[PDB]
Structures are given as structure tokens and as C-alpha cells.
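This report concerns only the one structure given below.
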Amino acid sequence: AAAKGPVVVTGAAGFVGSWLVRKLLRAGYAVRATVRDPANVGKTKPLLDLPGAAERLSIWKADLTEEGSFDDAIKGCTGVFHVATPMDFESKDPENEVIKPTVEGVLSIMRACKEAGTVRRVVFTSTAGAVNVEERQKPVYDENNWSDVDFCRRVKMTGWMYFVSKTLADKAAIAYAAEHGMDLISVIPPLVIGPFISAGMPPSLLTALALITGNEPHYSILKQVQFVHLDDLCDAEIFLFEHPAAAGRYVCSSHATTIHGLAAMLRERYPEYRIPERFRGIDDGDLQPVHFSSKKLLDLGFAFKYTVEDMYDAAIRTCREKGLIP
Ligand SMILES: NC(=O)c1ccc[n+]([C@@H]2O[C@H](COP(=O)([O-])OP(=O)(O)OC[C@H]3O[C@@H](n4cnc5c(N)ncnc54)[C@H](OP(=O)(O)O)[C@@H]3O)[C@@H](O)[C@H]2O)c1
Ligand SMILES: O=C1c2c(O)cc(O)cc2O[C@H](c2ccc(O)c(O)c2)[C@H]1O
Numbered sequence: 017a018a019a020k021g022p023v024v025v026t027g028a029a030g031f032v033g034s035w036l037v038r039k040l041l042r043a044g045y046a047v048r049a050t051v052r053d054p055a056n057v058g059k060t061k062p063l064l065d066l067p068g069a070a071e072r073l074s075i076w077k078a079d080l081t082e083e084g085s086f087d088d089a090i091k092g093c094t095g096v097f098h099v100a101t102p103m104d105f106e107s108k109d110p111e112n113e114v115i116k117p118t119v120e121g122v123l124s125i126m127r128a129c130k131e132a133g134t135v136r137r138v139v140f141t142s143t144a145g146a147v148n149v150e151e152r153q154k155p156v157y158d159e160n161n162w163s164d165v166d167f168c169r170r171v172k173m174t175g176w177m178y179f180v181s182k183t184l185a186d187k188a189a190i191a192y193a194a195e196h197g198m199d200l201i202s203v204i205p206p207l208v209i210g211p212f213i214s215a216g217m218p219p220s221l222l223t224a225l226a227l228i229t230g231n232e233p234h235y236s237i238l239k240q241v242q243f244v245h246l247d248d249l250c251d252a253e254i255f256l257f258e259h260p261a262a263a264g265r266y267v268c269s270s271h272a273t274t275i276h277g278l279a280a281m282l283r284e285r286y287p288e289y290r291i292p293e294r295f296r297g298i299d300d301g302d303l304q305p306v307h308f309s310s311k312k313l314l315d316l317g318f319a320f321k322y323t324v325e326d327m328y329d330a331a332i333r334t335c336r337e338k339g340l341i342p
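Numbering-wise, PDB author numbering puts 49 at position 33 of the sequence shown, and it's gapless, one number per residue.
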């Protein structure tokens, strides 16, 4: 058969984007992978080495801060997977340097998609930080819950600008799509764990593996955390792109637990690494999982393939090669 319609993946050199490019290639797609510097071979080479990239992968230069930088890559495509997002959070002007750029970059992508005229559906990768960041945590969250931007700007917890960046970018994309009759899917992943192709530790694996290492500043994140295997997320993003009935936001979380429960699992399953018994900055006593419901996606027929055990087994190995002690 022929390639299943040219699709674009923004941020293809990244943790999520590189794997989605892989999975889209395996699924029979012609993939137009976007990067800020097609010349940085350290970042681009792992993509070109992917199975099937020689025939159906092409690399394009684009930057969310440069208007029109994406028009060429999008022209003639049937779909666009927006995965790139500004990841700088050591800013002194978070607003004009992280927030507005994130919101203006997604809207420019949406504008490019509408003007291309060939795109049938846009898949925006959101984050759980656009759902459950509020003063009083609920026991269950789904695609109808939205983070409280005002509360984020008020208390300015660690990582506040990213949550607000992504929550506004999510709302912006949805509004633009509704105003212009565009078909937009919004996929909400929690902390993503899985293999990686870069030679640098993905940030989400720093958090996921903070209990084996000693990354105590990451303990607060694991307090009440949800996970998804990177492979399941990328599969779900392809599933949602191909299902004609999909529409709107989708939660893509397959596991919810607490720091205590995770430490328990790692103790029993990895006697080799020493797991702390008391975690700095947590202490206290009663923590109950906060669940992210994926019922909308599962109802459409999607099924998760991997367990949290599968996630760490794969994260360990790809890091045991380099980046972590054995
Ligand atoms: N990993 C998780 O746990 C998780 C959970 C929920 C949602 N997400 C979302 O998944 C998506 C991918 O994130 P990630 O985990 O894979 O982190 P990542 O590896 O840092 O990927 C981010 C990508 O965005 C690109 N990027 C940054 N600024 C850009 C710009 N101005 N123009 C074009 N590209 C730019 C980066 O390319 P450069 O190499 O050139 O900087 C980078 O490849 C994000 O939208 C994230 O919010 C991730
Ligand atoms: O994007 C996300 C993210 C990320 O990209 C990088 C990183 O290092 C940690 C992260 O954690 C976020 C998160 C997970 C579970 C939640 O309950 C929540 O509110 C937020 C996640 O959404």
C-alpha cells in the first residue's frame, strides 16, 4: 500500500515526540518530523536511524516562536501531532517567556493547519497539569476538570508557569478549533515512563526514578502521582487520530498511586536498589491515590498494554546502559 497520509510531529527530537515518530512509522505513515535545528546530528541522527525512516521520514526546521516556520511542513498533511512545548522554567519573565509563547505557538500551529486546508485532524498533547492543579484536590479527575490558573499564579508552586502555559494553550487550541470548525483531539498524559532514544535522561524519568537515585526535590511530585507507559500514550495518540468518532479531550492515565505505594513496589521488585523508608518533605501518614479516569478513551475501544512494573523495567534498562547506577 501507500503511505497513510503525510502527518507532522512537532518536537520530534524529544522524549515523547521521537517515540511517536517511531510508532507512526511502524503504523505505515509518512512522517514529517519537526526540529529546531535539522543540523544538530546528535538530536536528529537517532530519528533517521529509525526503522523505516529512510523511506518515509523527512526532517523539517520549525520553531514555535517563528510565525510560518511550520507552514511548509504542514502543507499537504492529513494530520498534525503537536508535541513540542517550551520547556524553559528558569525564567524571570515567565509570562512573556514561557506562557504567551506556549499559547502563541499552539495558535500559530492551529492557524497553519487551517490555512494548509489539507489537515483533517489536529492532535494536541496536553498534560495532567492542565486538569488537577487546584487548591482542594479531588479524588477523581477526568477530561472535564481544568487546572486553576489563578491559583497557580497566586501560590506559584514549583512548576507553576508550565501548568499555566499548558492549561491556557489547551483552552486556546480548543477555542480556536471550535471557532473555525476544526477537528481537534486533546490528549492528557500524566507522568510518562518508558524507553528513550536520546543520550540524556528525560525529565519525567528523573521524577519516576527519584526514589532509586536520591532526587529528593522530586519526592513531592511522586506524593500523589499517575503514570502512563510512553508506548501506550503514543499508541493512544495514533488510535485517537484514526478513530472517526473521537473528539475533544482525552485522559490517558493507566496507573494512580502514592509515593509510599511506589516505594513498596520498588522494594519488593528491585531488591538490588535501596529504597528509602521515610521520604524527606513528606512524612505524615495517610495518602490515598488520586485517580485520572481514562473511561472516555477506553470506551472507544483503546486498551493499555503495560503495567507500572513494565514501565520501570524499561526505564531502568535504558538508563542502566548509561545515566544510573546498576
Ligand atoms: N514526559 C511527560 O511526562 C509528559 C506528561 C504530560 C505531557 N507531556 C507533554 O509531551 C510533550 C513532549 O514533552 P517531553 O516529555 O517529550 O519533553 P521534551 O523531551 O523536552 O520535548 C519537548 C520538545 O519541545 C521542543 N521545543 C521546545 N521549544 C521549542 C520551540 N520554541 N520550538 C519548537 N520546538 C521546541 C524541544 O526541541 P529542542 O531539543 O530543540 O529543545 C523538545 O524536542 C509536551 O508537550 C509535554 O507537555 C509530557
Ligand atoms: O506533564 C507532566 C510532567 C512533565 O511534562 C514533566 C515532569 O518532569 C513531570 C510532569 O508531571 C505532570 C503531572 C503528573 C501528574 C499529575 O497529577 C499532575 O498534576 C501533573 C505531567 O502532567
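Ideal placement from N, C-alpha and C gives every residue a C-beta, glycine not left out.
By DSSP's assignment, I209 forms a beta bridge with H245. Between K39 and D248, the beta carbon gap of about 10 Å keeps them out of contact (Cβ cut-off 8 Å).
DSSP assignment within the region 156-217 yields the following whole alpha helix (DSSP H) runs of 4 residues or more, N-terminal first: 165-171, 176-195.
Beta-carbon to beta-carbon, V203 and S142 are separated by about 6 Å, close enough to satisfy the 8 Å threshold. Remark: the C-beta of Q304 is outside contact range of ligand 2, defined as less than 7 Å to any heavy atom. The straight-line gap separating the alpha-carbon atoms of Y45 and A100 is approximately 19 Å. At a Cβ-Cβ threshold of 8 Å, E325 and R285 count as neighbours. Measuring C-alpha to C-alpha distances from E337 to each of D87, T134, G216, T183 identifies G216 as the nearest.
Non-local C-beta neighbours of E83 in its own chain, meaning closer than 6 Å and more than five positions away in sequence, comprise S124, ordered along the chain. Approximately 4 Å separates the beta-carbon atoms of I275 and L238; this is inside 8 Å, confirming the contact. In this structure, the beta-carbon distance from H98 to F140 falls below 8 Å. Secondary structure in the region 59-116: the beta strand (DSSP E) runs of 3 residues or longer, each lying completely within the stretch, are 73-77, 95-98 in chain order. DSSP, read as helix, strand or coil, puts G264 in strand. In this structure, the beta-carbon distance from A128 to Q242 does not fall below 8 Å. With a cutoff of 8 Å on beta-carbon distance, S236 and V267 are scored as not near each other. Within 10 angstroms of the beta-carbon of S269 lie 16 or more other beta-carbons, which makes it buried.
By the criterion of a C-beta distance shorter than 7 Å, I90 is surrounded in its chain by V24, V96, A128, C129, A132, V135, once the five residues flanking it on both sides are discounted. Shown here for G68: same chain residues with a beta carbon closer than 8 Å to its own, the five before and five after excluded, namely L41, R42 in chain order. Judged by DSSP secondary structure, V23 falls within the beta strand (DSSP E) whose first and last residues are 23-25.
Proximity of the region 116-123 to the region 151-166 falls short of the contact definition, fewer than three beta-carbon pairs being nearer than 8 Å.
The DSSP-derived three-state label of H271 is strand. Measuring C-alpha to C-alpha distances from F318 to each of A262, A28, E106, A29 identifies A262 as the nearest. Short note on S310: C-beta not closer than 7 Å to any heavy atom of ligand 2.
From the listed residues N148, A193, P155, the smallest Cα separation to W176 is found for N148. If you draw a straight line from the Cα of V138 to the Cα of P206, it comes to about 20 Å.
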